[PDB]
Amino acid sequence: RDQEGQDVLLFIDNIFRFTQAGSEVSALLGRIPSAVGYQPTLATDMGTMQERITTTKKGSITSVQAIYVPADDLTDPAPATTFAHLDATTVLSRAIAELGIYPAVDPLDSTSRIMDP
Amino acid sequence: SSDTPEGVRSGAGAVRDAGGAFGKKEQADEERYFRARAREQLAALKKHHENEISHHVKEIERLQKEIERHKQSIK
């Protein structure tokens, strides 16, 4: 992006193990935990990583991140904080593979925030 | 949130495990049936308790006929 000026991609597998490992560092030092057990600096630590992926004047960085939703809880503190940064979703479901359709993309539950005229 | 092992599920026979107003709509419904079959079968215990002597009686008559045959053979 900087030294060459191209359109980078970047895959992180997955965005929950980034978050879960920050809570282990923060609890080995001694900091008192937040809500359900995560670290107090949960949104800033995600902030300083997720803000370095932008579209500057030279080039850009795009990102594609897999998400694990614990205990089917879409309001859990770790996927709540990650959803505040997202501009899309992609859902791979078990049923669309049975129809024979590839890639297995669910076109009713996959969103995009820039869907606007 | 049921198509996942992480998402919680239910057991078998949990309606009467709660204790609501379906667990007592069912605990009483079973007593309003099996109290009235308890006197269809308490009345017919006069007949078939006499019938089990009548069957025994039947056997006795049968055995006495065999004895009769043997007694005539001896004669």
# chains A, B, ... in the order shown; residues from 1 in each chain; ligands from 1
>>> closest_atom_pairs(of="chain B", to="chain A", cutoff="10 Å", atoms="only C-alpha atoms", output="CSV")
residue,atom,partner,partner_atom,distance
B:1,CA,A:72,CA,6.1
B:2,CA,A:72,CA,8.8
B:3,CA,A:72,CA,9.6
B:4,CA,A:72,CA,8.0
B:5,CA,A:71,CA,8.8
B:6,CA,A:71,CA,5.1
B:7,CA,A:72,CA,5.6
B:8,CA,A:71,CA,8.4
>>> select_by_dssp(residues="chain B", states="alpha helix (DSSP H)", output="NGL selection string")
:B and (15-18 or 24-27 or 48-74)
>>> write_last_selection(atoms="C-alpha atoms", output="compact mmCIF listing (two decimals), in the first residue's frame")
# COMPACT_ATOMS: atom_id res chain seq x y z
CA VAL B 15 -43.55 -29.76 30.55
CA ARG B 16 -44.26 -31.40 33.88
CA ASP B 17 -40.74 -30.50 35.03
CA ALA B 18 -41.55 -26.77 35.14
CA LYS B 24 -51.17 -29.16 36.49
CA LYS B 25 -53.57 -29.30 33.55
CA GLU B 26 -51.98 -32.70 32.87
CA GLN B 27 -51.48 -34.04 36.40
CA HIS B 48 -64.15 -62.99 37.00
CA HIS B 49 -63.14 -63.87 40.55
CA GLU B 50 -66.05 -66.32 40.41
CA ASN B 51 -65.02 -67.34 36.88
CA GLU B 52 -61.56 -68.46 38.03
CA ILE B 53 -63.33 -70.93 40.31
CA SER B 54 -65.63 -71.77 37.37
CA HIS B 55 -62.62 -72.56 35.18
CA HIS B 56 -61.11 -74.55 38.05
CA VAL B 57 -64.53 -76.07 38.37
CA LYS B 58 -64.50 -76.89 34.68
CA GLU B 59 -61.13 -78.66 35.07
CA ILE B 60 -62.41 -80.62 38.04
CA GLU B 61 -65.35 -81.95 35.99
CA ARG B 62 -62.98 -82.88 33.19
CA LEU B 63 -60.64 -84.75 35.56
CA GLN B 64 -63.57 -86.57 37.13
CA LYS B 65 -64.61 -87.78 33.70
CA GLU B 66 -61.13 -89.23 33.15
CA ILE B 67 -61.35 -90.94 36.53
CA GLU B 68 -64.68 -92.35 35.45
CA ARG B 69 -63.09 -93.78 32.32
CA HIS B 70 -60.34 -95.42 34.35
CA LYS B 71 -62.87 -96.76 36.84
CA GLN B 72 -64.81 -98.38 34.02
CA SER B 73 -61.60 -99.82 32.53
CA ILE B 74 -60.84 -101.46 35.88
>>> residues_around(residues="residue 29 of chain A", least_positions_apart="6", cutoff="12 Å", atoms="only C-alpha atoms", output="VMD selection string")
chain A and resid 22 to 23 39
>>> select_by_dssp(residues="segment 22-107 of chain A", states="strand (DSSP E)", output="list in words")
residues 60, 61, 64 and 65 of chain A
>>> write_last_selection(atoms="N, CA and C atoms", output="short mmCIF file (atom, residue, chain, number, x, y, z; two decimals), in the first residue's frame")
data_model
loop_
_atom_site.label_atom_id
_atom_site.label_comp_id
_atom_site.auth_asym_id
_atom_site.auth_seq_id
_atom_site.Cartn_x
_atom_site.Cartn_y
_atom_site.Cartn_z
N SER A 60 -4.53 1.24 -0.50
CA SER A 60 -5.53 0.85 0.48
C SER A 60 -5.14 -0.49 1.07
N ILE A 61 -5.79 -0.84 2.18
CA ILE A 61 -5.82 -2.21 2.67
C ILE A 61 -7.28 -2.61 2.79
N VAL A 64 -10.63 -9.18 5.37
CA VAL A 64 -11.65 -10.22 5.38
C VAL A 64 -11.40 -11.08 6.61
N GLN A 65 -12.35 -11.10 7.53
CA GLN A 65 -12.13 -11.68 8.84
C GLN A 65 -13.24 -12.66 9.16
#
>>> atom_distance(atom1="atom CA of residue 106 of chain A", atom2="atom CA of residue 79 of chain A")
20.0 Å
